[PDB]
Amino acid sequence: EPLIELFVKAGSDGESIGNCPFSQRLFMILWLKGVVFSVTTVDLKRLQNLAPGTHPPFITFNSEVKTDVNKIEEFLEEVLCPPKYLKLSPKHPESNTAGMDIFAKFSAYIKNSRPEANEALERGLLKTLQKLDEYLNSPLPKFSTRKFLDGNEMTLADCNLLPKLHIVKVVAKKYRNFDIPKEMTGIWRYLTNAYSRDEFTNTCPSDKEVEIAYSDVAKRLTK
């Protein structure tokens, strides 16, 4: 019913889906809600007439611009509610903090250039992945076989985490030849399920685009 326009960040193409876990998050939320909406990319070096600082992702709801992904998310979950739509908010608040420290540890591990500091950072990263993995294997009120963070349905929690885990996996691999340990079966089951879902797969920018976005960010380890 409502008129929704999503404005995400553009990649190198300047006309394609660039790297941004936040744009992809909203994209996933909109998709899961079921509502109709359009998607428009935005090249930094280039809708018309906006406030200073407003950068993707942002949407237009009935011609009105909405800013701040977190504000947007709240808004959406609010207006796109029952009986017409399904609530996407997780039932367990802990589903919201699961793996929340991964992206930050990955950023430090990837931006570092000191060889002697790399070992501890990789250990720090594995540590955050370990906690997430344990959240995924621990049953919610043997090894849990549920498909996502909050149960067997995707929730706002997966929209927030999956895009980030994806960046983590692709970049860590490219710039550190790092692999999420297969011993972490929870993470892998979770990711497998996610990559088999169109809402996640069709909203992921390309590996190239994801890697490019970090070419000037990740550093080699130099003495």
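The first residue of the shown sequence is 1; numbering continues from there.
- The deposited sequence places 4 to 9 unmodelled residues between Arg46 and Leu47.
- Where coordinates are absent for parts of the deposited sequence, a chain break appears; between neighbours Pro141 and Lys142 it spans 10 or more residues.
- Of the two stretches examined, 101-109 and 142-150, the record assigns the greater average C-alpha temperature factor to 142-150.
- For the two regions 153-161 and 63-71, the entry's Cα B-factors average higher over 63-71.
- Across the options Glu77, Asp133, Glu116, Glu122, the residue with the most elevated CA B-factor in the record is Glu116.
- For the set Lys33, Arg176, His166, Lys182, the PDB entry puts the maximum C-alpha B factor at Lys182.
- In the PDB entry, a CA B factor belonging to the lowest third of its chain's modelled residues is recorded for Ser23.
- Ranked against the other modelled residues of its chain, the C-alpha B-factor of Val42 as given in the entry falls in the highest third.
- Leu191 sits in the middle third of its chain by CA B factor, as recorded in the PDB entry.
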